[PDB]
>>> print(open('start-v3.pdb').read())   # PDB, C-alpha atoms
ATOM      1  CA  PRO M 508     153.335 -68.431  78.712  1.00  0.00           C
ATOM      2  CA  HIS M 509     152.106 -66.247  81.605  1.00  0.00           C
ATOM      3  CA  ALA M 510     154.391 -66.051  84.651  1.00  0.00           C
ATOM      4  CA  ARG M 511     155.242 -62.399  85.344  1.00  0.00           C
ATOM      5  CA  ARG M 512     152.830 -59.483  85.563  1.00  0.00           C
ATOM      6  CA  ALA M 513     153.663 -55.835  86.190  1.00  0.00           C
ATOM      7  CA  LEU M 514     151.947 -52.476  85.818  1.00  0.00           C
ATOM      8  CA  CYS M 515     154.825 -50.954  83.822  1.00  0.00           C
ATOM      9  CA  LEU M 516     156.108 -51.694  80.317  1.00  0.00           C
ATOM     10  CA  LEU M 517     159.907 -51.594  80.594  1.00  0.00           C
ATOM     11  CA  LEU M 518     161.176 -49.576  77.621  1.00  0.00           C
ATOM     12  CA  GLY M 519     164.829 -49.361  78.674  1.00  0.00           C
ATOM     13  CA  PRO M 520     167.480 -51.696  77.261  1.00  0.00           C
ATOM     14  CA  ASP M 521     167.343 -55.128  78.898  1.00  0.00           C
ATOM     15  CA  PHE M 522     167.771 -58.829  78.123  1.00  0.00           C
ATOM     16  CA  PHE M 523     165.964 -62.168  78.299  1.00  0.00           C
ATOM     17  CA  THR M 524     167.860 -65.074  79.888  1.00  0.00           C
ATOM     18  CA  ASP M 525     166.052 -67.494  77.586  1.00  0.00           C
ATOM     19  CA  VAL M 526     167.245 -70.987  76.668  1.00  0.00           C
ATOM     20  CA  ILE M 527     166.137 -72.617  73.412  1.00  0.00           C
ATOM     21  CA  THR M 528     166.142 -76.279  72.306  1.00  0.00           C
ATOM     22  CA  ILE M 529     167.448 -76.184  68.731  1.00  0.00           C
ATOM     23  CA  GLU M 530     168.485 -78.942  66.331  1.00  0.00           C
ATOM     24  CA  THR M 531     171.132 -78.566  63.627  1.00  0.00           C
ATOM     25  CA  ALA M 532     171.365 -80.349  60.275  1.00  0.00           C
ATOM     26  CA  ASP M 533     173.350 -83.109  62.015  1.00  0.00           C
ATOM     27  CA  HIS M 534     170.259 -83.515  64.246  1.00  0.00           C
ATOM     28  CA  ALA M 535     172.408 -82.477  67.228  1.00  0.00           C
ATOM     29  CA  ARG M 536     169.867 -81.590  69.903  1.00  0.00           C
ATOM     30  CA  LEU M 537     171.449 -78.859  72.009  1.00  0.00           C
ATOM     31  CA  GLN M 538     169.944 -76.296  74.351  1.00  0.00           C
ATOM     32  CA  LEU M 539     171.503 -72.854  74.399  1.00  0.00           C
ATOM     33  CA  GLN M 540     171.045 -69.852  76.677  1.00  0.00           C
ATOM     34  CA  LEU M 541     170.189 -66.593  74.912  1.00  0.00           C
ATOM     35  CA  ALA M 542     170.147 -62.936  75.934  1.00  0.00           C
ATOM     36  CA  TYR M 543     168.194 -60.903  73.329  1.00  0.00           C
ATOM     37  CA  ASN M 544     169.735 -57.501  73.961  1.00  0.00           C
ATOM     38  CA  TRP M 545     166.616 -55.425  73.301  1.00  0.00           C
ATOM     39  CA  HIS M 546     165.278 -51.901  73.747  1.00  0.00           C
ATOM     40  CA  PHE M 547     162.084 -50.119  72.780  1.00  0.00           C
ATOM     41  CA  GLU M 548     162.292 -47.417  70.110  1.00  0.00           C
ATOM     42  CA  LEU M 549     160.062 -44.334  69.891  1.00  0.00           C
ATOM     43  CA  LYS M 550     160.857 -41.543  67.439  1.00  0.00           C
ATOM     44  CA  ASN M 551     158.056 -39.276  68.737  1.00  0.00           C
ATOM     45  CA  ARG M 552     157.501 -39.832  72.454  1.00  0.00           C
ATOM     46  CA  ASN M 553     154.247 -37.861  72.634  1.00  0.00           C
ATOM     47  CA  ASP M 554     152.057 -39.221  69.818  1.00  0.00           C
ATOM     48  CA  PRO M 555     149.151 -41.256  71.264  1.00  0.00           C
ATOM     49  CA  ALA M 556     149.045 -43.738  68.369  1.00  0.00           C
ATOM     50  CA  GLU M 557     152.735 -44.668  68.425  1.00  0.00           C
ATOM     51  CA  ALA M 558     152.867 -44.575  72.232  1.00  0.00           C
TER      52      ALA M 558
ATOM     53  CA  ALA A 559     131.671 -61.761  62.175  1.00  0.00           C
ATOM     54  CA  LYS A 560     133.649 -63.946  59.759  1.00  0.00           C
ATOM     55  CA  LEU A 561     136.267 -64.058  62.532  1.00  0.00           C
ATOM     56  CA  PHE A 562     134.012 -66.374  64.560  1.00  0.00           C
ATOM     57  CA  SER A 563     133.247 -68.542  61.508  1.00  0.00           C
ATOM     58  CA  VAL A 564     135.296 -71.470  62.796  1.00  0.00           C
ATOM     59  CA  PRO A 565     134.632 -71.937  66.545  1.00  0.00           C
ATOM     60  CA  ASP A 566     137.928 -73.793  67.131  1.00  0.00           C
ATOM     61  CA  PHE A 567     140.328 -71.779  64.959  1.00  0.00           C
ATOM     62  CA  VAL A 568     143.286 -72.873  67.104  1.00  0.00           C
ATOM     63  CA  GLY A 569     142.566 -76.526  66.384  1.00  0.00           C
ATOM     64  CA  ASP A 570     141.738 -75.801  62.745  1.00  0.00           C
ATOM     65  CA  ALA A 571     145.066 -74.054  62.149  1.00  0.00           C
ATOM     66  CA  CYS A 572     147.041 -76.740  63.982  1.00  0.00           C
ATOM     67  CA  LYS A 573     145.336 -79.629  62.180  1.00  0.00           C
ATOM     68  CA  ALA A 574     145.651 -78.045  58.723  1.00  0.00           C
ATOM     69  CA  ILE A 575     149.339 -77.216  59.108  1.00  0.00           C
ATOM     70  CA  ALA A 576     150.062 -80.607  60.696  1.00  0.00           C
ATOM     71  CA  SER A 577     148.288 -82.435  57.867  1.00  0.00           C
ATOM     72  CA  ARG A 578     150.091 -80.562  55.099  1.00  0.00           C
ATOM     73  CA  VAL A 579     153.467 -80.812  56.867  1.00  0.00           C
ATOM     74  CA  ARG A 580     153.072 -84.559  57.373  1.00  0.00           C
ATOM     75  CA  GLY A 581     151.964 -85.070  53.770  1.00  0.00           C
ATOM     76  CA  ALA A 582     154.941 -83.176  52.376  1.00  0.00           C
ATOM     77  CA  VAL A 583     157.539 -84.807  54.655  1.00  0.00           C
ATOM     78  CA  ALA A 584     155.976 -88.107  53.545  1.00  0.00           C
ATOM     79  CA  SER A 585     157.571 -87.562  50.107  1.00  0.00           C
ATOM     80  CA  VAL A 586     161.143 -87.138  51.398  1.00  0.00           C
ATOM     81  CA  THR A 587     163.674 -89.440  53.024  1.00  0.00           C
ATOM     82  CA  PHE A 588     164.740 -88.997  56.641  1.00  0.00           C
ATOM     83  CA  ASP A 589     168.087 -87.664  55.414  1.00  0.00           C
ATOM     84  CA  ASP A 590     166.334 -84.992  53.349  1.00  0.00           C
ATOM     85  CA  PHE A 591     163.837 -84.147  56.116  1.00  0.00           C
ATOM     86  CA  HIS A 592     166.745 -83.521  58.430  1.00  0.00           C
ATOM     87  CA  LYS A 593     169.106 -81.722  56.025  1.00  0.00           C
ATOM     88  CA  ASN A 594     166.461 -79.247  54.841  1.00  0.00           C
ATOM     89  CA  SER A 595     164.305 -79.611  57.963  1.00  0.00           C
ATOM     90  CA  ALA A 596     162.985 -76.067  58.313  1.00  0.00           C
ATOM     91  CA  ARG A 597     163.171 -75.521  54.547  1.00  0.00           C
ATOM     92  CA  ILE A 598     160.877 -78.392  53.591  1.00  0.00           C
ATOM     93  CA  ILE A 599     158.520 -77.955  56.559  1.00  0.00           C
ATOM     94  CA  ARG A 600     158.093 -74.245  55.806  1.00  0.00           C
ATOM     95  CA  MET A 601     157.452 -74.924  52.123  1.00  0.00           C
ATOM     96  CA  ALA A 602     155.142 -77.743  53.248  1.00  0.00           C
ATOM     97  CA  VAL A 603     152.861 -75.310  55.076  1.00  0.00           C
ATOM     98  CA  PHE A 604     152.356 -72.954  52.110  1.00  0.00           C
ATOM     99  CA  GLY A 605     153.756 -74.765  49.063  1.00  0.00           C
ATOM    100  CA  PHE A 606     154.004 -72.450  46.061  1.00  0.00           C
ATOM    101  CA  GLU A 607     156.602 -70.538  44.019  1.00  0.00           C
ATOM    102  CA  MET A 608     156.589 -66.753  44.465  1.00  0.00           C
ATOM    103  CA  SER A 609     160.180 -65.932  45.490  1.00  0.00           C
ATOM    104  CA  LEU A 619     163.855 -75.096  45.043  1.00  0.00           C
ATOM    105  CA  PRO A 620     162.693 -71.471  45.162  1.00  0.00           C
ATOM    106  CA  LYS A 621     161.155 -70.153  48.361  1.00  0.00           C
ATOM    107  CA  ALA A 622     157.366 -70.205  48.350  1.00  0.00           C
ATOM    108  CA  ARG A 623     155.903 -67.171  50.183  1.00  0.00           C
ATOM    109  CA  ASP A 624     155.624 -65.563  53.618  1.00  0.00           C
ATOM    110  CA  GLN A 625     151.892 -65.973  54.297  1.00  0.00           C
ATOM    111  CA  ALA A 626     149.680 -68.961  55.175  1.00  0.00           C
ATOM    112  CA  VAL A 627     146.173 -67.484  54.977  1.00  0.00           C
ATOM    113  CA  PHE A 628     142.888 -69.229  55.755  1.00  0.00           C
ATOM    114  CA  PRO A 629     140.077 -67.514  53.796  1.00  0.00           C
ATOM    115  CA  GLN A 630     137.392 -68.986  56.081  1.00  0.00           C
ATOM    116  CA  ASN A 631     138.097 -66.575  58.954  1.00  0.00           C
ATOM    117  CA  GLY A 632     141.040 -64.441  57.816  1.00  0.00           C
ATOM    118  CA  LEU A 633     143.429 -66.327  60.108  1.00  0.00           C
ATOM    119  CA  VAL A 634     146.949 -65.753  58.765  1.00  0.00           C
ATOM    120  CA  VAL A 635     149.859 -67.951  59.860  1.00  0.00           C
ATOM    121  CA  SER A 636     152.760 -65.542  59.320  1.00  0.00           C
ATOM    122  CA  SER A 637     155.386 -68.255  59.806  1.00  0.00           C
ATOM    123  CA  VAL A 638     155.639 -71.863  60.971  1.00  0.00           C
ATOM    124  CA  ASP A 639     158.316 -72.888  63.474  1.00  0.00           C
ATOM    125  CA  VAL A 640     159.214 -76.477  64.398  1.00  0.00           C
ATOM    126  CA  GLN A 641     161.333 -76.967  67.507  1.00  0.00           C
ATOM    127  CA  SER A 642     162.896 -80.452  67.660  1.00  0.00           C
ATOM    128  CA  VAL A 643     162.600 -83.789  65.838  1.00  0.00           C
ATOM    129  CA  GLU A 644     162.042 -86.285  68.696  1.00  0.00           C
ATOM    130  CA  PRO A 645     161.848 -89.561  67.029  1.00  0.00           C
ATOM    131  CA  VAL A 646     160.346 -91.434  69.916  1.00  0.00           C
ATOM    132  CA  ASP A 647     161.471 -95.015  69.313  1.00  0.00           C
ATOM    133  CA  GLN A 648     164.515 -96.284  71.197  1.00  0.00           C
ATOM    134  CA  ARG A 649     165.795 -97.834  67.956  1.00  0.00           C
ATOM    135  CA  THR A 650     166.254 -94.562  66.107  1.00  0.00           C
ATOM    136  CA  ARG A 651     167.905 -93.715  69.472  1.00  0.00           C
ATOM    137  CA  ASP A 652     171.038 -95.450  70.663  1.00  0.00           C
ATOM    138  CA  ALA A 653     171.465 -97.004  67.198  1.00  0.00           C
ATOM    139  CA  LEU A 654     171.917 -93.633  65.560  1.00  0.00           C
ATOM    140  CA  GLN A 655     174.084 -93.302  68.644  1.00  0.00           C
ATOM    141  CA  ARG A 656     176.349 -96.009  67.225  1.00  0.00           C
ATOM    142  CA  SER A 657     176.184 -93.836  64.118  1.00  0.00           C
ATOM    143  CA  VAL A 658     177.442 -91.030  66.377  1.00  0.00           C
ATOM    144  CA  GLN A 659     180.362 -93.180  67.503  1.00  0.00           C
TER     145      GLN A 659
END
>>> encode(input="start-v3.pdb", output="structure tokens")
Amino acid sequence: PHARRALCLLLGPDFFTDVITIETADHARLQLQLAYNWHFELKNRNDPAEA
Amino acid sequence: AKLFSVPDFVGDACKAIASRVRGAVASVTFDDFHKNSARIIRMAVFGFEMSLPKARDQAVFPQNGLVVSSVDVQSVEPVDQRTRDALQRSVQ
């Protein structure tokens, strides 16, 4: 919930080495490591509201 | 100020969704509750018809304006050891 804390909001492309605990229709409980290839998007990188 | 109407909004939201989810899963077999697990639990939270048919995409509480955008359920535990390695013979 709250582990890391930094002064900067990383906008560059990155990933999250997250693992989920999902269950399929056959009830098969399996955990699975995810990446979430993400990146922040700003069309106008000067507007105070959007920024 | 209507935001602070309920002083325990976290508990209120959890209890209301839990109650309605439990009541709706109460009407379905275990086979159905596991085939359409997310489907029936998500229609349980905000049962209506605005999209069989999908209900909506908003679970609003008019008391304080608290809106549950979506409801996510992680894993069906069933705790007893007899649902356990007896459905495991079912596995075999």
>>> atom_distance(input="start-v3.pdb", atom1="CA of residue 588 (chain A)", atom2="CA of residue 623 (chain A)")
24.4 Å
>>> resolve_selection(input="start-v3.pdb", expression="the PyMOL selection byres ((chain A and resi 580) around 12)", output="PDB file with C-alpha atoms, keeping the file's coordinate frame")
ATOM      1  CA  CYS A 572     147.041 -76.740  63.982  1.00  0.00           C
ATOM      2  CA  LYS A 573     145.336 -79.629  62.180  1.00  0.00           C
ATOM      3  CA  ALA A 574     145.651 -78.045  58.723  1.00  0.00           C
ATOM      4  CA  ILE A 575     149.339 -77.216  59.108  1.00  0.00           C
ATOM      5  CA  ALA A 576     150.062 -80.607  60.696  1.00  0.00           C
ATOM      6  CA  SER A 577     148.288 -82.435  57.867  1.00  0.00           C
ATOM      7  CA  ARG A 578     150.091 -80.562  55.099  1.00  0.00           C
ATOM      8  CA  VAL A 579     153.467 -80.812  56.867  1.00  0.00           C
ATOM      9  CA  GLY A 581     151.964 -85.070  53.770  1.00  0.00           C
ATOM     10  CA  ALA A 582     154.941 -83.176  52.376  1.00  0.00           C
ATOM     11  CA  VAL A 583     157.539 -84.807  54.655  1.00  0.00           C
ATOM     12  CA  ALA A 584     155.976 -88.107  53.545  1.00  0.00           C
ATOM     13  CA  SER A 585     157.571 -87.562  50.107  1.00  0.00           C
ATOM     14  CA  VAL A 586     161.143 -87.138  51.398  1.00  0.00           C
ATOM     15  CA  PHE A 591     163.837 -84.147  56.116  1.00  0.00           C
ATOM     16  CA  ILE A 598     160.877 -78.392  53.591  1.00  0.00           C
ATOM     17  CA  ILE A 599     158.520 -77.955  56.559  1.00  0.00           C
ATOM     18  CA  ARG A 600     158.093 -74.245  55.806  1.00  0.00           C
ATOM     19  CA  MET A 601     157.452 -74.924  52.123  1.00  0.00           C
ATOM     20  CA  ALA A 602     155.142 -77.743  53.248  1.00  0.00           C
ATOM     21  CA  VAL A 603     152.861 -75.310  55.076  1.00  0.00           C
TER      22      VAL A 603
END
>>> resolve_selection(input="start-v3.pdb", expression="the PyMOL selection byres ((chain A) within 8 of (chain M))", output="PyMOL selection string")
chain A and resi 592-595+641-643
>>> resolve_selection(input="start-v3.pdb", expression="the PyMOL selection byres ((chain M and resi 548) around 12)", output="ChimeraX atom specification")
/M:517-520,545-547,549-552,557-558
>>> atom_distance(input="start-v3.pdb", atom1="CA of residue 571 (chain A)", atom2="CA of residue 644 (chain A)")
21.9 Å
>>> axis_aligned_box(input="start-v3.pdb", around="region 533-539 of chain M", padding_each_side="5 Å", output="JSON")
{"center_x": 171.6, "center_y": -78.2, "center_z": 68.2, "size_x": 13.5, "size_y": 20.7, "size_z": 22.4}
>>> closest_residue(input="start-v3.pdb", among="A:559, A:654, A:626, A:634", to="residue 605 (chain A)", atoms="all atoms listed in the file")
A:626
>>> atom_distance(input="start-v3.pdb", atom1="CA of residue 622 (chain A)", atom2="CA of residue 561 (chain A)")
26.2 Å
>>> closest_residue(input="start-v3.pdb", among="A:658, A:587, A:566, A:596", to="residue 640 (chain A)", atoms="all atoms listed in the file")
A:596
>>> closest_residue(input="start-v3.pdb", among="A:650, A:659, A:562, A:624", to="residue 638 (chain A)", atoms="all atoms listed in the file")
A:624
>>> decode(input="start-v3.pdb", residues="region 509-558 of chain M", atoms="C-alpha atoms", output="short mmCIF file (atom, residue, chain, number, x, y, z; two decimals), in the first residue's frame")
data_model
loop_
_atom_site.label_atom_id
_atom_site.label_comp_id
_atom_site.auth_asym_id
_atom_site.auth_seq_id
_atom_site.Cartn_x
_atom_site.Cartn_y
_atom_site.Cartn_z
CA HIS M 509 2.76 2.47 0.97
CA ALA M 510 6.34 1.21 0.65
CA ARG M 511 8.29 3.56 -1.65
CA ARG M 512 8.44 7.34 -1.46
CA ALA M 513 10.33 9.69 -3.77
CA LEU M 514 10.33 13.39 -4.58
CA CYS M 515 10.00 12.81 -8.34
CA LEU M 516 7.13 11.44 -10.42
CA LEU M 517 8.75 9.17 -13.02
CA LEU M 518 7.12 9.98 -16.36
CA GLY M 519 9.42 7.89 -18.57
CA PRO M 520 8.45 4.42 -19.78
CA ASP M 521 8.89 1.80 -17.05
CA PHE M 522 7.32 -1.37 -15.67
CA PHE M 523 5.89 -2.88 -12.49
CA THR M 524 7.16 -6.34 -11.50
CA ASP M 525 3.79 -7.12 -9.94
CA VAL M 526 2.41 -10.60 -9.27
CA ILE M 527 -1.34 -11.19 -9.08
CA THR M 528 -3.36 -14.07 -7.57
CA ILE M 529 -6.05 -14.80 -10.16
CA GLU M 530 -8.60 -17.61 -10.46
CA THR M 531 -9.96 -18.94 -13.75
CA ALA M 532 -13.36 -20.49 -14.45
CA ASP M 533 -11.88 -23.88 -13.53
CA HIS M 534 -11.11 -22.30 -10.13
CA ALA M 535 -7.40 -22.81 -10.85
CA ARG M 536 -5.67 -20.55 -8.35
CA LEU M 537 -2.46 -19.38 -10.00
CA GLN M 538 -0.19 -16.44 -9.30
CA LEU M 539 1.38 -14.70 -12.26
CA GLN M 540 4.09 -12.06 -12.56
CA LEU M 541 3.13 -8.96 -14.55
CA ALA M 542 5.06 -6.06 -16.07
CA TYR M 543 2.61 -3.26 -17.00
CA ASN M 544 4.68 -1.53 -19.67
CA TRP M 545 3.56 2.03 -18.92
CA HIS M 546 4.48 5.62 -19.72
CA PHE M 547 2.98 9.00 -18.90
CA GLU M 548 1.44 11.00 -21.74
CA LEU M 549 1.31 14.80 -21.98
CA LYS M 550 0.20 16.51 -25.18
CA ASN M 551 0.99 20.02 -23.88
CA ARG M 552 3.95 19.92 -21.49
CA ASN M 553 3.51 23.48 -20.22
CA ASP M 554 -0.16 23.77 -19.21
CA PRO M 555 -0.48 23.96 -15.40
CA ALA M 556 -3.80 22.08 -15.27
CA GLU M 557 -2.69 19.07 -17.32
CA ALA M 558 0.77 19.06 -15.74
#
